[PDB]
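Protein chains in written order, with my numbering: chain U, 87 to 185; chain G, 160 to 434; chain X, 18 to 26.
For each residue, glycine too, the CB sits at the ideal point set by N, CA and C.
The structure appears below as structure tokens.
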């Protein structure tokens, strides 16, 4: 029983410009075991997205990329929600256009 | 510089529901080029890079045949280890394998590697000499003796010195237009006030390949990277990478700070400051 | 090209 909790980054592909099409990423890494629940959200509601093929680093810990196209606006809140056995509660990371 | 061909296998058992889920992914350097997922009615090895699409049916049939046989051996391996570790069938378990070859700029081998896991821990690994094995526990020692008797290390040595290096060279030539040309980062410094007294300066590096990069901050021409927050290098989603490094500075003092960027694509390393 | 099927653990 050797487990590691996931690290999470939420970010756009290009610098965000309001009303211009872009790509939203939720990058999750350093976790074990492999089963994990990763959800991109718009205003606290699930966006249908895509998740890359399961891959891992030299230390055996896995990484995943969940992504979908999006058009950022002033008003809309974007986030990523991650659930894993290592976590006491869902990990929720808000998207910040400056990070 | 150096180049690598690497494969990553993962198998996860599914108690009471059928065969294990098996995933295989292949990489040339930082670029993924092939995939296999057991979860399909008639699963095949598939391209994930445009430059490998050229390969004819012969190639795809052989890779598919090898990966499907590997998926089956990983299925028996999971069952075998339930016996070795005296574990219940009801609980899910997992095994990983990663292997590959690193070559010099002229194509010659630098190192070959192969390692196996069980449930996130080292299980067994091929040694540097590619002739012997290191076993992590008493269960892995059973595997070790078995693989010694079967002459497994010789087959790996043959593959890593032969097939691995030869095909990496073929892949690099097939995708020379993308794999061999470094993509320089687009760099900028952004300013984000925290208050009238403090300000965050974030140094961005965007759209670069390969992933390896160095971001450092200086203040008054002295190193202060230890004060900075550096995020892990992350994929952009289009085959390129991103990274930033940020410092909190006193308001009015921003011209004293410089961000320095080193990347393979840059003919000259760049130093930037807030405009 | 991948390695061929390995011997069982």
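| Query | Result |
| --- | --- |
| Below 7 angstroms on C-beta distance, what does residue 99(U) contact in chain G? | 395, 396, 397 |
| Given residue 159(U), which residues of its chain have a CB within under 8 angstroms of its CB, disregarding the five upstream and five downstream residues? | 104, 105 |
| For residue 339(G), which of helix, strand or coil comes out of DSSP? | coil |
| In whole angstroms, what is the alpha-carbon distance linking residue 334(G) and residue 162(U)? | 40 angstroms |
| Indicate whether the contact test is met: 3 or more Cβ pairs, each with one atom in the stretch 383-391 of chain G and one in the stretch 400-412 of chain G, closer than 8 angstroms. | yes |
| Entirely within the stretch 297-365 of chain G and at least 4 residues each: give me those alpha helix (DSSP H) ranges in chain order. | 297-309, 311-317, 323-333, 335-338 |
| For residue 409(G), list the residues DSSP reports as bridge partners. | 357(G) |
| In chain U, which residues lie with their C-beta within 7 angstroms of the C-beta of residue 167(G)? | 141, 142 |
| Would you kindly work out how many angstroms separate the C-alpha atoms of residue 292(G) and residue 283(G), rounded to a whole number? | 7 angstroms |
| Under DSSP, the beta strand (DSSP E) around residue 230(G) begins and ends at which residues? | Unbroken run through residue 230(G) is the alpha helix (DSSP H), 216-243; no beta strand (DSSP E). |
| Can you tell me where the beta strand (DSSP E) with residue 203(G) in it begins and where it stops? | Element bounds for residue 203(G): n/a, residue is neither H nor E. |
| Using the C-alpha atoms, what's the distance from residue 169(G) back to residue 241(G)? | 17 angstroms |
| Check whether chain U comes within 7 angstroms of residue 457(G), counting only Cβ atoms and requiring the distance to be less than that. | There is simply no residue 457(G) to check, as chain G begins at 160 and stops at 434 in what is shown. |
| Chain G partners of residue 95(U), CB-CB under 8 angstroms? | 390, 391, 393 |
| Skipping 5 residues on each side, what residues in its chain have a beta carbon closer than 6 angstroms to that of residue 377(G)? | 417 |
| According to DSSP, what are the bridge partners of residue 423(G)? | In DSSP, residue 423(G) forms no bridge with anything. |
| So, helix, strand or coil for residue 196(G), using DSSP? | strand |
| Alpha carbon to alpha carbon, how far is residue 146(U) from residue 97(U)? | 25 angstroms |
| Based on Cα-Cα distance, which residue from 265(G), 383(G), 384(G), 318(G) lies nearest to residue 285(G)? | 318(G) |
| Skipping 5 residues on each side, what residues in its chain have a beta carbon closer than 7 angstroms to that of residue 370(G)? | 189, 392, 400 |
| Express the C-alpha separation of residue 216(G) and residue 235(G) in angstroms, rounding to a whole number. | 29 angstroms |
| Relative to the alpha-carbon of residue 420(G), which residue among 379(G), 349(G), 363(G) has its alpha-carbon at the smallest distance? | 363(G) |
| With C-beta atoms as the reference, is residue 180(U) less than 7 angstroms away from residue 165(U)? | yes |
| When we look at the beta-carbon of residue 171(G) and count the other beta-carbons within 10 Å, is it buried (16 or more) or exposed? | buried |
| In the DSSP output, which residue or residues are listed as bridge partners for residue 121(U)? | In the DSSP output, where bridge partners are listed per residue, residue 121(U) has none listed. |
| What's the gap between the Cα of residue 207(G) and the Cα of residue 304(G)? | 37 angstroms |
| Excluding five sequence neighbours on each side, which residues of the same chain lie with their C-beta closer than 6 angstroms to the C-beta of residue 321(G)? | none |
| Got a sec: which bits of the stretch 246-275 of chain G sit with their beta carbon under 8 angstroms from any beta carbon on chain U, in order along the chain? | 251, 253, 255, 257 |
| If you drop the 5 nearest sequence neighbours on each side, which residues of the same chain put their C-beta closer than 7 angstroms to that of residue 21(X)? | none |
| Using CA coordinates, which residue listed in 360(G), 221(G), 262(G), 174(G) is at the minimum distance from residue 103(X)? | The shown model of chain X, from 18 to 26, leaves out residue 103(X), and the question about it has no answer. |
| Three or more C-beta pairs closer than 8 angstroms, one from the stretch 134-142 of chain U and one from the stretch 165-175 of chain U: is that the case here? | no |
| Express the C-alpha separation of residue 149(U) and residue 141(U) in angstroms, rounding to a whole number. | 6 angstroms |
| Between residue 313(G) and residue 424(G), is the Cβ-Cβ spacing less than 7 angstroms? | no |
| Is DSSP giving residue 288(G) helix, strand or coil here? | coil |
| Please state the DSSP three-state secondary structure of residue 22(X). | coil |
| Establish whether the CB of residue 317(G) and some CB of chain X are separated by less than 7 angstroms. | no |
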